[PDB]
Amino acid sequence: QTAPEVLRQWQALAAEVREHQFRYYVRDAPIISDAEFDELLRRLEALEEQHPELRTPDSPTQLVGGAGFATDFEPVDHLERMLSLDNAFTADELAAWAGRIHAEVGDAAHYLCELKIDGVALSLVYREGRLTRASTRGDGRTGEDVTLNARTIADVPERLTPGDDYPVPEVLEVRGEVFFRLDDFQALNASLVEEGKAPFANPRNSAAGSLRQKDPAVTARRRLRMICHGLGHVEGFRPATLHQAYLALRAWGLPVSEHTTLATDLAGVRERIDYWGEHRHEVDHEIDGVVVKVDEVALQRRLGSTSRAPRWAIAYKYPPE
């Protein structure tokens, strides 16, 4: 075989082997038989026999038994800045935001209403349909690399599902929230106490702590969930509206909430706020408000963002008990 083909074959076989090492050792959830894996590793070691320049301390052949999977939280840039949200706590504040929106873009704006989860923000990047990076918010330009931890989350697919309706983008940065269900928060605290560790005081702290683990195998043992609620940088995907982008996220296998609705104007927004004020306790994870977003992407650009926040979105937060 020629040297280009040698380097091609090595990279592909090293990556396939490393992925199964991760799934077996960190996730404890292999997806091929031990017999299959053993053939893979033999072929890889054979190929490194011929070409010993390919054998590095970094090779999966040198990182056997689960070695070499540690998270170090190194800073990593978001592709597009990941801002926080301005908040509204009163009917008046929300109407004021609604008025400013109308005065700038008129009735052409409609309002996506989503449930606000009290969890830990996570930004995922997929390149050519494969997960390459996951990071915390950090300061909005730069977050901490927790890629390996996120790869253990059951709701986070490693690969996006192709479909002719919605082609897999070349690059997709998708934002979302990690959290625990209430029943799993309690069960994890019981487990922790049984081992002599302190329980967590709330499910948010518990999710953050469970995600931010130097050894991702700890994260893999915990029932972290995720729900996508936003788009950063995308290439090869130009959705006209946020609600239509959720259709593509679903088609690709990414988790989305079933409690999002599309409203026409402020009266429709107020009804969803009133409704979830009465029923949010029925959701099996923590909801602390309702995020109202202008749905039309073109109008999102026109209205822009400030240094710290989008002008086309507001979080209505409920008063704490």
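Throughout, we count residues from 1 along the sequence that is shown.
The question of which stretch, 156-164 or 205-213, has the higher mean Cα B factor is settled in favour of 156-164. Comparing the deposited coordinates for 15-23 and 305-313, the stretch with the larger average C-alpha B-factor is 305-313. Taking only the listed residues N149, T241, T90, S123, the entry reports the highest CA temperature factor at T90. Within the listed group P199, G119, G196, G129, the record reports its top CA B-factor for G196. Ranked within its chain, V290 lands in the lowest third, by CA B factor from the PDB record. Among the modelled residues of its chain, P60 has a C-alpha B-factor that falls in the middle third, as given in the PDB entry. Among the modelled residues of its chain, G277 has a C-alpha B-factor that falls in the lowest third, as given in the PDB entry. Sorting the modelled residues of the chain by their CA temperature factor places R225 in the lowest third. In this PDB entry, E104 carries a Cα temperature factor that places it within the highest third of its chain's modelled residues.
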